[PDB]
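[1] pasting an experimental structure with its sequence.
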Amino acid sequence: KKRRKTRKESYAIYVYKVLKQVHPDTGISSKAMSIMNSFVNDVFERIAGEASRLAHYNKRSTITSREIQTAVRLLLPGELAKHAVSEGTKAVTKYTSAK
Amino acid sequence: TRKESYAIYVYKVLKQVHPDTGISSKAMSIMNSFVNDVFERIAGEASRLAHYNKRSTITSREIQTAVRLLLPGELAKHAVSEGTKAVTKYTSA
Amino acid sequence: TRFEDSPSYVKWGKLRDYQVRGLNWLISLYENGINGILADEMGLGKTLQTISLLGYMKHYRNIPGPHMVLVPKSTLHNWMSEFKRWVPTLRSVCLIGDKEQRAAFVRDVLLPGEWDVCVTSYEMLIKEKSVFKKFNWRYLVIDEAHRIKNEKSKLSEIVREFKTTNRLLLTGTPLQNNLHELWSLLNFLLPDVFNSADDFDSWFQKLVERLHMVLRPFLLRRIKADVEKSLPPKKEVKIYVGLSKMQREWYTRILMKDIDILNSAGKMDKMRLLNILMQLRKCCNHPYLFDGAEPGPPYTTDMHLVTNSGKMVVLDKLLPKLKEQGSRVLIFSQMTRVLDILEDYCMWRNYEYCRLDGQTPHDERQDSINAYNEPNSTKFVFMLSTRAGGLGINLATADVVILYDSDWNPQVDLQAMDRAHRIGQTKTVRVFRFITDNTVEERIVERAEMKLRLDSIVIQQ
Amino acid sequence: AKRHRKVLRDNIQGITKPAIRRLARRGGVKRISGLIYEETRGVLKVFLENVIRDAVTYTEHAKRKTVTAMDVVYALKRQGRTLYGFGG
Amino acid sequence: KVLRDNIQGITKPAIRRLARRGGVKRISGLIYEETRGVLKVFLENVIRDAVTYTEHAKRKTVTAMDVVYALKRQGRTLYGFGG
Amino acid sequence: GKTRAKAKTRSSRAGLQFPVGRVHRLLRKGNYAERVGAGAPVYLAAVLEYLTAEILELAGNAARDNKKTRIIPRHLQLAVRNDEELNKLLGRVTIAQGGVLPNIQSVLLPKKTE
Amino acid sequence: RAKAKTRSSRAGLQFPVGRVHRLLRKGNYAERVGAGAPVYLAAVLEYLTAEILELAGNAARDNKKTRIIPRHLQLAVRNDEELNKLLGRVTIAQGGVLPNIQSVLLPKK
Amino acid sequence: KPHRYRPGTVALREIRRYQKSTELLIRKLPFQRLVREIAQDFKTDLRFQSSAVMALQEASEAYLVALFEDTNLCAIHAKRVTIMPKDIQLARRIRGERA
Amino acid sequence: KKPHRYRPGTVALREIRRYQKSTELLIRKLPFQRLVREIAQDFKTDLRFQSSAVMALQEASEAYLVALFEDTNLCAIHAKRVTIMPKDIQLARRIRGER
DNA sequence: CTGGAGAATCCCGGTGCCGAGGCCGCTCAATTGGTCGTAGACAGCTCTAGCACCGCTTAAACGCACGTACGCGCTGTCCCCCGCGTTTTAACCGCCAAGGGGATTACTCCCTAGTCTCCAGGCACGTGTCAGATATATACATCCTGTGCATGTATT
DNA sequence: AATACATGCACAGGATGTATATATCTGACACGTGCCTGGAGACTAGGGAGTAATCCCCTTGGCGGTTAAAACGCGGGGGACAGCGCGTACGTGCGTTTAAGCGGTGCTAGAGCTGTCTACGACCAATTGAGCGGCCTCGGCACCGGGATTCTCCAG
Ligand SMILES: Nc1ncnc2c1ncn2[C@@H]1O[C@H](COP(=O)(O)OP(=O)(O)O)[C@@H](O)[C@H]1O
């Protein structure tokens, strides 16, 4: 073909699965999908940089769940932070209880 | 215990610039924190340059463009001149 | 050696013989050229001892000054009265007040060297070190020599760097905690025989051996049972009070740490931050020190203010019991807010109080002590802070002392104890001291008892 | 005047009005109103609440109990106001 | 082929549209040349910070990712263009 | 031996919908720390999943209120600006083709409004 | 086996470069770090520190003092243009404010 | 006879119309010539991917719209309706783009 | 006889020059420390402090309020006025980029 | 003054009507999940001693309150001039199509360069110590406000 | 030949830069580790140069509208003027409470041991996610009609 144009990996199908979860009868334009993909890349970059600086400041080298917990306590404001921490802790305890 | 800092090098360049000029304790802490901040900003920018160009190393080109980014005009020009002069001194010797 | 009697330079002067023996000891120290520590019990004429020393000095050794005297500020007018009443020939001056009257005083009298002896409080010396470093001091006598307890305080430095000839010390309880108090005093008085605290520890039956190694070259220690023989020794009863229901629920409330109401939420408001033992001290004294223990207040002083802490319960039961006894009572509150609450309560029970808080000015202090010590006095209750009141005053009118709360140091408790036992008493020296249980206060008096025991083994000689 | 047990002056109002005046003349303003002080106390409480919340989060993550100077330098740096001097 | 005077190509009704999106009713004269100066210095900043990215990457073509990174390091991050 | 058993992915093993393995790989290659804990990318993907769920809920609501069936950038802009904490999370972020929230100032309303 | 020449003594610098290289490796910036990199970075740090301290020395010379206090370098950075633009959101502790009174607040009458 | 509108209401019509819209208010080709004109003196003979020019038009449009919003806030606080160069100079001075 | 009262707007000028020519603190340290302890008590109870930490964020809050009063004075000068007002700091905090 | 009638454009809304980007279905690959073997970051357990809290003491400078008075903020009028609204006339943006070459970009080999790893040693730090820069004090000349009034021109 | 307002000194006063002593405490420096940095080598893999494919940006051309440009007039907003009054600056007297210096605890930072299970790394399998293609439903567009806000006479 045309050298099988390179695997530009992105977050399309996960955004689309979540969109089918909340509003199960609503599509999305492609530019809005690029917006959500750039958004989730930026937010992941923010939480990653925050947890990295936390683990640097405590003179450790292991980014584990506690540093992401305090990184999203720092980044997200208020009610968003509390709901996200509750959801992430539920996911981690489900994955640890069922591994 | 042991805690490294940029105290004596700041004192060395201070005596090099002004041969009869002291400096406080808190001015030393301010200059040390300033050097820490500037080095951290330039190293983070070179890391992001290496991630953007798909590379995995930091050579002099990445930090030279990080100095091109971070500083305003004549300060960036003179810092680039100083860095290139120093790396030519290091390579040639 | 010297004067073998109550001497003649003192006017209206009745020196007791053991004080004259101590005077011979001080003049022998002066002949040997050694700074010493005169550190016997309080109420042994120690201010009369050094006044008699300078009355010997100016008369027969032709030393006209200067000899400064360092006191707490609650003793300045007392020392000046003793100088004006016993040895009047010394030119007597005193310095107190703000920078304006300080400048007036130095401009008048401290330039020419016109005086002979200058009593001066501590903080005045900290302010006028630049003045007093410009002199050649013969003597140096520090009344209540326990501001020099640590050798790192700025007063300890500024008295160490005096260009002077002789140093003399005057305290009641020369030991403070273990060895470093005597170490700092020895490194102050005769510094050229003392290098580090390990030398003092290596010199420290070894305890009594080091005790005599202090006692023979430079120390003097007595008690009124050795020399007086005309007075009751003490009269103490350690009474423990109950805990009120408000006291017990406040104790559980502060032990669960989750208490306050003064907002929309049930916060803590910093009151249980670190030092919970003194918070329990504040609780066991009275809950009303804390916020909102009284209701939303119209500020009246009910009997629920006095029936919500067992110390106050036994106290309200005992103040008419001492009124029918008919002698002057003496309360020593450590916490000044507890002194305020006792002020409100004795106003409610309508006795005459004179509050010695420690922030009262000196002009409203000495006259208060005099009105308490007037012939056939009237001021029944006498409220004092333990430190600034019971540090150096003389209160031989009363006989019953109410130690409300013994602090961490037992020797300042002994100082406020024997304030009433100064020259002895015509009556016996009753002690009604309070203690609450189920708290840290039993640990307080227990550590004070261990400190008093390790002080006792060396203070018997 | 007042009666005994004098506990008063709620802690935000402890930031007194000549202190805000001194901050104003430090900021270089000739004339203040009479309403600046209350909203200034509100602004300062908001700002300190944000910064202290971040520093308490930092010190909670390090499992400590004492807020250091380093925690409030990291908190202020994470807000966009890098403080030189203290620590580092 | 260097271009000459394109900043005055940002016409007056285009600035009026850009303002009336922002919610301003009356717009005085001589706000226009100030808006030209503001726009010119802002995108001079972001064009210098994009050209430096491109010249570090050894290209001759300014991509959209260089513009996105130059706006990102200015604290003015732009979504949508494949961040 | 079962050298390849039933390959139960971690997104289904955390009860999640986001690529736990891809987030783990992007944390490893991302030059963030030396080692990356095993409980970390599950937490990170869960947090990103919840944030995306919130933004999509509000964008779908604002798009259904405009009767459309596809979320466009305008619906994302109105969703993120008509919420306080998402506005504070995105206080610097411009989005492309987003438009502005409709807001005329009250003073510029015409006089004698009645 | 020979004499140990520090690379800062071979770069003509006054800042250390072994510490800068150890900081670049341990700081988790990239998995590999060039050998022109710590030399160049310490050169830029040395030029920036010389650039600040010359102006701060001039400012301490104006206030008739040998020592350099935080007020001197704060006035030096906020008085200069480029260092101000580098340090815009940066608050120097113990620094004070550069003197500026707006002209409509002077009386001038 | 030629029925007019009162001065001040067509501006409100335009405000509602443009805040309802989400297009590009500046046309694209003179903006592209502007970007090439000021990139002509940084590095000569560059190429723009034109998604770059779209991104620049979106960025400068959002920046200028936020600037005019805050300038309008300024000239309303100063007891006016019209905006003038002192307002936008104050807006950039307070916001910190101008020193 | 006839005491020398300074005019309104002279002691203000000398106060501005004296406090701008200095660099010490302005808020008194013990009320600030108790205020910081009451703010920090809300988030978590048993909090010690560094005793340089409170000096650090005292310098922070001082620099924040000095910048706020500076551009407040700027916008109040802009409103053809000298006295600052609540709408001054409300406009300054709005177009500054804060809440 | 004044509501309101009614033109009268503006705009919403409805009903087609194309059309072209979501949207889903193969496809096949790089990537990820399972196994397992090492190793060393961190959890957890010591001591320990440093400094943080906490109240008292004592000075003394700032905070609070009040008085007074006046200067600036606010309102109200006028005016004038200058941007808004509309009409008419250009002009150049945009749409469409096509070509052209050029940067780019994914694949290939190869080759130096940073990493890993011992082995030694000397520069950076901690601790201690001391002299001089400056913080403080006091005195005195030197400027800045202020305003009372003597007068310097106007008014009478 | 005394009044009216203005300009400007005079001088009374108050702050303030400055001259000079001096007390100190704190930065400069000296020393004794020791731990980190350097010397020195093996290496492998990440980068570096080459190479053809190709998408993809740049020019050119046309044309058809849509927006910009220019013009008028006027109406309403910006701005100066002025009147006032009350709200804030300033000086002073009381008072309180911060601040520096006390004692006096003990919680908790912090350093060190040490054992494991945590993740790294590697192998092998196998499948989920990116790409390509087709297709048709949501949406943009366009007519067109019916409501919806606005402006002006004009009869209240
Ligand atoms: N010769 C004497 N005659 C009568 N009273 C005396 C005589 N000597 C001493 N006193 C009393 O004994 C008291 C001892 O006080 P003292 O303990 O010296 O005070 P401080 O505790 O300051 O040293 C004096 O106040 C004095 O009243």
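    Nice, I can see it. Residues are numbered from 1 along each chain as shown, chains lettered A, B, ... in the order given.
[2] contacting residues around residue C:283?
    C:247, C:250, C:251, C:254, C:289, C:290, C:439 (CB atoms under 8 Å, 6 or more residues apart in numbering or on different chains). Every C-beta, even on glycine, is put in place using the N, C-alpha and C of the backbone.
[3] so which bits of chain A are right by chain E?
    Counting by CB under 8 Å from any CB of the partner chain, chain A comes close to chain E at A:31, A:34, A:35, A:37, A:38, A:39, A:41, A:42.
[4] phi, psi for the fourth one please.
    Spelled out, that is residue A:37. With angles defined as degrees, to the nearest 10, residue A:37 sits at phi -70, psi -40.
[5] one step back: strands - which of the contacts of residue C:283 land there?
    Per DSSP state E, strands hold no members of the contacts of residue C:283.
[6] can you lay out those residues as JSON lines showing distance to residue C:409 and neighbour count?
    As requested, those are exported to JSON lines (distance: CB to CB, whole Å; neighbours: other CB atoms under 10 Å in any protein chain shown):
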{"residue": "C:247", "distance to residue C:409": "25", "neighbour count": "25"}
{"residue": "C:250", "distance to residue C:409": "27", "neighbour count": "24"}
{"residue": "C:251", "distance to residue C:409": "25", "neighbour count": "19"}
{"residue": "C:254", "distance to residue C:409": "25", "neighbour count": "19"}
{"residue": "C:289", "distance to residue C:409": "22", "neighbour count": "19"}
{"residue": "C:290", "distance to residue C:409": "25", "neighbour count": "20"}
{"residue": "C:439", "distance to residue C:409": "19", "neighbour count": "17"}
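[7] and which of these is nearest to residue A:78?
    Proximity of these to residue A:78 was ranked by CB to CB; the top entry is residue C:254 with 31.9 Å.
[8] residue boundaries of the helices in chain A?
    For chain A, the helices defined by DSSP state H occupy A:12-22, A:30-57, A:65-75, A:79-97.
[9] right, is the third one up against chain G?
    No. Shown here: helix A:65-75 not in contact with chain G (CB under 8 Å from any CB), separated by at least 13.5 Å.
[10] so which residue is dead centre in chain D?
    For chain D, residue D:48 is the residue whose C-alpha lies nearest the centre (CA atoms, centre = their mean; 4.8 Å).
[11] spatially, and excluding backbone neighbours, which residue is closest to the residue of chain H found nearest the ligand.
    For chain H, the residue closest to the ligand is residue H:96, as judged by CB to the nearest ligand atom, at 66.9 Å. Spatial nearest neighbour of residue H:96, excluding adjacent residues (CB to CB, 6 or more residues apart in numbering or on different chains): residue G:88 at 6.9 Å.
[12] for the residue nearest to residue H:21 when sequence neighbours are not counted, the count of nearby residues, please.
    Among residues not flanking residue H:21 along the chain, residue F:99 sits closest, at 6.9 Å (CB to CB, 6+ apart). Using other CB atoms under 10 Å in any protein chain shown, residue F:99 is surrounded by 22 other residues.
[13] kindly report the same for residue F:9.
    Neighbours of residue F:9 (other CB under 10 Å): 11.
[14] so the closest residue to the ligand within chain D: helix, strand or coil?
    Nearest residue of chain D to the ligand: residue D:4, at 32.4 Å (CB to the nearest ligand atom). With DSSP: H, G, I helix; E, B strand; the rest coil as the basis, residue D:4 sits in coil.
[15] mind telling me what element the residue nearest to residue C:440 when sequence neighbours are not counted is part of?
    Distances taken as CB to CB, 6+ apart place residue C:277 nearest to residue C:440, at 4.2 Å, with adjacent residues excluded. Residue C:277 is part of helix C:276-285, with elements assigned from DSSP states H and E.
[16] what residues sit buried inside that helix?
    For helix C:276-285, burial by neighbour count (16 or more other CB atoms under 10 Å in any protein chain shown) applies to C:279, C:280, C:281, C:282, C:283, C:284, C:285.
[17] okay, the residues you listed in a markdown table with distance to residue H:33 next?
    Converted to a markdown table, the buried residues of helix C:276-285 look like this (distance: CB to CB, whole Å):
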| residue | distance to residue H:33 |
| --- | --- |
| C:279 | 76 |
| C:280 | 80 |
| C:281 | 82 |
| C:282 | 79 |
| C:283 | 81 |
| C:284 | 85 |
| C:285 | 85 |
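[18] and those residues, which is closest to chain G?
    Comparing the buried residues of helix C:276-285 against chain G with CB to the nearest CB places residue C:279 closest, at 34.5 Å.
[19] pretty sure that closest one is in contact with residue C:270, am I right?
    No. Using CB atoms under 8 Å, residue C:279 is not in contact with residue C:270; the gap is 10.9 Å.
[20] what residues are up against the spatially most central residue of chain H?
    Most central in chain H under CA atoms, centre = their mean is residue H:64, positioned 3.7 Å from the mean C-alpha point. With contact taken as CB under 8 Å, 6+ apart, residue H:64 is in contact with E:18, E:22, E:35, E:38, E:39.
[21] chain I: which of the residues you listed is nearest?
    Here the nearest of the contacts of residue H:64 to chain I, counting by CB to the nearest CB, is residue E:22; it sits at 12.4 Å.
[22] skipping its backbone neighbours, what lies nearest that closest one in space?
    residue H:68 (3.4 Å).
[23] determine how far the helix or strand containing that neighbour lies from the middle of the whole chain.
    Assigned by DSSP H and E, residue H:68 belongs to helix H:51-77. Relative to its parent chain, helix H:51-77 has a centroid offset of 5 Å by CA atoms, centre = their mean, to the nearest Å.
[24] how much does it deviate in direction from helix I:53-78?
    Interaxial angle of helix H:51-77 relative to helix I:53-78 (axes from the mean of the first three to the mean of the last three CA atoms, to 10 degrees): 70 degrees.
[25] helix H:51-77 vs DNA strand J: in contact?
    No. Using CB under 7 Å from any atom of the strand, helix H:51-77 stays clear of DNA strand J, with a minimum separation of 10.1 Å.
[26] who in chain C is up against the ligand?
    With CB under 6 Å from any ligand atom as the criterion, chain C meets the ligand at residues C:14-16, C:42-48, C:143, C:170, C:392, C:394, C:422-423.
[27] and for stretch H:90-99, what's in contact with it?
    Contact with stretch H:90-99 is made by E:38, E:42, G:81, G:84-85, G:88, H:67, H:70-71, H:73-74, H:89, I:71, I:74-75, I:78, I:92, I:95-97, as judged by CB under 8 Å, 6+ apart.
[28] what helix or strand is the nearest residue to residue C:204 once chain neighbours are set aside on?
    Of all residues not flanking residue C:204 in the chain, residue C:210 sits nearest, at 4.5 Å (CB to CB, 6+ apart). Taking DSSP H and E as the criterion, residue C:210 maps to helix C:206-218.
[29] can you name every helix or strand that that helix contacts?
    Here helix C:206-218 touches helix C:180-189, helix C:441-459, going by 3 or more CB pairs under 8 Å, 6 or more residues apart in numbering or on different chains; DSSP states H and E.
[30] adding mean neighbour count and distance to residue I:19, write these out as CSV.
    Output for these, formatted as CSV (neighbours: other CB atoms under 10 Å in any protein chain shown; distance: least, CB to CB, whole Å):
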stretch, mean neighbour count, distance to residue I:19
helix C:180-189, 21, 44
helix C:441-459, 15, 48
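[31] dump those to a markdown table, plus distance to residue C:159.
    Below are those laid out as a markdown table (distance: least, CB to CB, whole Å):
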| stretch | distance to residue C:159 |
| --- | --- |
| helix C:180-189 | 7 |
| helix C:441-459 | 24 |
